[PDB]
Ligand SMILES: N[C@@H](CCC(=O)N[C@@H](CS)C(=O)NCC(=O)O)C(=O)O
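Residue numbers (the entry's author numbering), protein chains in the order written: chain B, 2 to 210; chain A, 2 to 106, 121 to 210.
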């Protein structure tokens with residue numbers, strides 16, 4: 002149809018979850034990366050970032066900014082936002098937890114090394130004692146293939162993405178969570194997901210800058 | 002009909018934008034205040050806090066945590082989430098900006128208020144001239160904006176000076192029946208909670 006246009010840096014950052022979500026829906030997208038501060042300025046001065054911030058995604062004729070507005074729109078567009086408002090309630094709740102933990106991990110490489118260590122022991126604690134139990138349970142509470150409504154939703158993709166970053170951050174943390182482990186392989190082998198895990202894709206590595 | 006039951010500290014904090022949204026929808030709600038560290042532990046152990054955190058709202062026989070999930074649900078149940086995906090994208094975009102500025106409230124946020132966020136929302140109101148931000152109908156984000164404008168006034172009523180459309184907007188939404196009721200003394204609306 003039309004190709005969405007991701008305006009971000011050449012990094013994971015706040016844009017990766019949208020790349021993932023677009024990828025899982027089988028939606029090809031292009032990116033204009035931002036390397037020069039003038040690019041960001043040329044975007045600001047041209048009236049493209051409502052709050053003068055990236056991420057920003059051109060899609061169906063909008064200059065959508067703010068991560069969550071992007072993710073919600075894409076998810077509704079390609080029926081990754083569930084069946085009804087009660088399922089979106091489960092989806093939003095799950096996604097927001099996933100976001101909290103992700104934010105905690107990606108920010109460890111940013112904080113003062115003053116506190117790297119204890120904030121690291123925090124993320125690991127939260128990973129193993131709060132968030133992973135919470136989603137291991139959800140899979141065990143209903144014993145189904147997906148998080149919500151027994152069919153693929155945006156939050157399955159979010160969780161897989163998080164499971165990938167947990168493994169990077171510390172692969173040991175996953176071993177006491179069997180369903181998530183089964184869930185990870187299940188979702189990883191969905192066609193559009195497998196395609197995105199493949200080398201050469203728009204998927205982004207952990208940056209060092 | 003069971004009232005939504007809001008589980009939070011007796012404070013503004015992360016629960017206030019929900020109190021606002023319920024009140025602007027004219028929905029009566031009840032509050033169970035976490036008073037003791039023992040109160041929160043027995044919410045966790047009863048299995049009511051999926052991520053061991055509040056805000057938690059009991060609504061329609063389920064226990065919702067995560068503010069955005071709570072707000073999204075309420076806004077959808079009561080037709081404050083706009084009319085289609087494209088209005089939700091405006092509503093989400095506006096709300097998430099409003100949520101960021103609210104978050105910031121040295122005192123750096125005066126600049127962002129005056130030079131980034133408030134110009135953005137005056138321009139929204141300039142663009143279509145209509146009474147509400149989105150779809151020429153009251154939506155949740157009108158209520159979030161009014162809420163932001165109230166806290167900006169508390170922060171520094173001089174930041175509202177240059178923004179005549181926001182000003183009329185504030186007064187205009189303040190005077191909605193359901194809104195006026197929540198602004199009245201004696202409502203569940205919360206103060207800035209000091210210490
Ligand atoms: N993203 C969550 C954050 C919730 C949150 O930070 N809750 C605090 C209360 S204001 C809490 O229960 N903290 C206890 C803890 O984190 O251990 C939301 O928006 O609801």
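The C-beta atom is built at its ideal place from N, Cα and C for all residues, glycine as well.
Beta carbon of residue i, beta carbon of residue j: below 9 Å?
{"i": "residue 78 of chain A", "j": "residue 61 of chain A", "result": "yes"}
{"i": "residue 135 of chain A", "j": "residue 74 of chain B", "result": "no"}
{"i": "residue 155 of chain B", "j": "residue 22 of chain B", "result": "yes"}
{"i": "residue 102 of chain B", "j": "residue 25 of chain B", "result": "no"}
{"i": "residue 180 of chain B", "j": "residue 137 of chain B", "result": "yes"}
{"i": "residue 159 of chain A", "j": "residue 106 of chain A", "result": "no"}
{"i": "residue 165 of chain A", "j": "residue 185 of chain A", "result": "yes"}
{"i": "residue 95 of chain B", "j": "residue 148 of chain B", "result": "yes"}
{"i": "residue 120 of chain B", "j": "residue 108 of chain B", "result": "yes"}
{"i": "residue 207 of chain B", "j": "residue 110 of chain B", "result": "yes"}
Please state whether DSSP places residue i in a helix, a strand or coil.
{"i": "residue 9 of chain B", "result": "strand"}
{"i": "residue 106 of chain A", "result": "coil"}
{"i": "residue 58 of chain B", "result": "strand"}
{"i": "residue 16 of chain A", "result": "helix"}
{"i": "residue 52 of chain A", "result": "coil"}
{"i": "residue 30 of chain A", "result": "coil"}
{"i": "residue 191 of chain B", "result": "coil"}
{"i": "residue 65 of chain B", "result": "strand"}
{"i": "residue 92 of chain A", "result": "helix"}
{"i": "residue 35 of chain B", "result": "coil"}
{"i": "residue 115 of chain B", "result": "helix"}
{"i": "residue 47 of chain B", "result": "coil"}
{"i": "residue 4 of chain B", "result": "coil"}
{"i": "residue 156 of chain B", "result": "helix"}
{"i": "residue 149 of chain B", "result": "coil"}
{"i": "residue 85 of chain B", "result": "coil"}
{"i": "residue 80 of chain A", "result": "coil"}
{"i": "residue 209 of chain A", "result": "coil"}
{"i": "residue 173 of chain A", "result": "coil"}
{"i": "residue 202 of chain B", "result": "coil"}
{"i": "residue 184 of chain B", "result": "helix"}
{"i": "residue 136 of chain A", "result": "helix"}
Is residue i near ligand 1, in the sense that its beta carbon is under 8 Å from a heavy atom of that ligand?
{"i": "residue 32 of chain B", "result": "no"}
{"i": "residue 67 of chain A", "result": "yes"}
{"i": "residue 28 of chain B", "result": "no"}
{"i": "residue 14 of chain A", "result": "yes"}
{"i": "residue 56 of chain A", "result": "yes"}
{"i": "residue 162 of chain A", "result": "no"}
{"i": "residue 123 of chain B", "result": "no"}
{"i": "residue 97 of chain B", "result": "yes"}
{"i": "residue 145 of chain A", "result": "no"}
{"i": "residue 101 of chain B", "result": "yes"}
{"i": "residue 53 of chain A", "result": "yes"}
{"i": "residue 50 of chain A", "result": "yes"}
{"i": "residue 41 of chain A", "result": "yes"}
{"i": "residue 136 of chain B", "result": "no"}
{"i": "residue 184 of chain A", "result": "no"}
{"i": "residue 170 of chain B", "result": "no"}
{"i": "residue 197 of chain B", "result": "no"}
{"i": "residue 10 of chain B", "result": "no"}
Just to confirm my understanding: we take residue i, look at its own chain, exclude 5 residues before and 5 after, and list those with CB closer than 7 Å. What are they?
{"i": "residue 52 of chain A", "result": "66"}
{"i": "residue 71 of chain A", "result": "19, 56, 58 and 65"}
{"i": "residue 151 of chain B", "result": "145"}
{"i": "residue 29 of chain A", "result": "4"}
{"i": "residue 49 of chain A", "result": "57 and 64"}
{"i": "residue 117 of chain B", "result": "109"}
What residue from the options has the CA that sits closest to residue i's CA?
{"i": "residue 40 of chain B", "options": "B/143, B/11, B/175 and B/25", "result": "B/11"}
{"i": "residue 173 of chain A", "options": "A/33, A/133, A/14 and A/43", "result": "A/133"}
{"i": "residue 141 of chain B", "options": "B/183, B/114 and B/196", "result": "B/183"}
{"i": "residue 17 of chain B", "options": "B/69, B/44, B/47 and B/46", "result": "B/69"}
{"i": "residue 170 of chain B", "options": "B/43, B/123 and B/24", "result": "B/123"}
{"i": "residue 14 of chain A", "options": "A/149, A/162, A/42 and A/195", "result": "A/162"}
{"i": "residue 153 of chain B", "options": "B/92, B/9 and B/42", "result": "B/92"}
{"i": "residue 128 of chain A", "options": "A/167, A/87, A/97 and A/149", "result": "A/167"}
{"i": "residue 54 of chain B", "options": "B/95, B/9, B/96 and B/97", "result": "B/9"}
{"i": "residue 210 of chain B", "options": "B/202, B/112, B/76 and B/119", "result": "B/112"}
{"i": "residue 119 of chain A", "options": "A/130, A/45 and A/76", "result": "No coordinates exist for residue 119 of chain A in the structure shown, because the numbering of chain A passes directly from 106 to 121."}
{"i": "residue 131 of chain B", "options": "A/46, A/88, A/130 and A/104", "result": "A/46"}
To which residues of the same chain is residue i closer than 6 Å at the C-beta, ignoring the five residues directly before and after it?
{"i": "residue 34 of chain A", "result": "11"}
{"i": "residue 27 of chain A", "result": "193"}
{"i": "residue 178 of chain A", "result": "133 and 137"}
Give every residue of the same chain whose Cβ lies closer than 8 Å to the Cβ of residue i, excluding the five residues on either side of it in the sequence, and list them in chain order.
{"i": "residue 198 of chain A", "result": "189 and 204"}
{"i": "residue 6 of chain A", "result": "30, 31, 32, 33, 58, 59 and 60"}
{"i": "residue 87 of chain A", "result": "none"}
{"i": "residue 44 of chain B", "result": "8, 35, 50, 55 and 57"}
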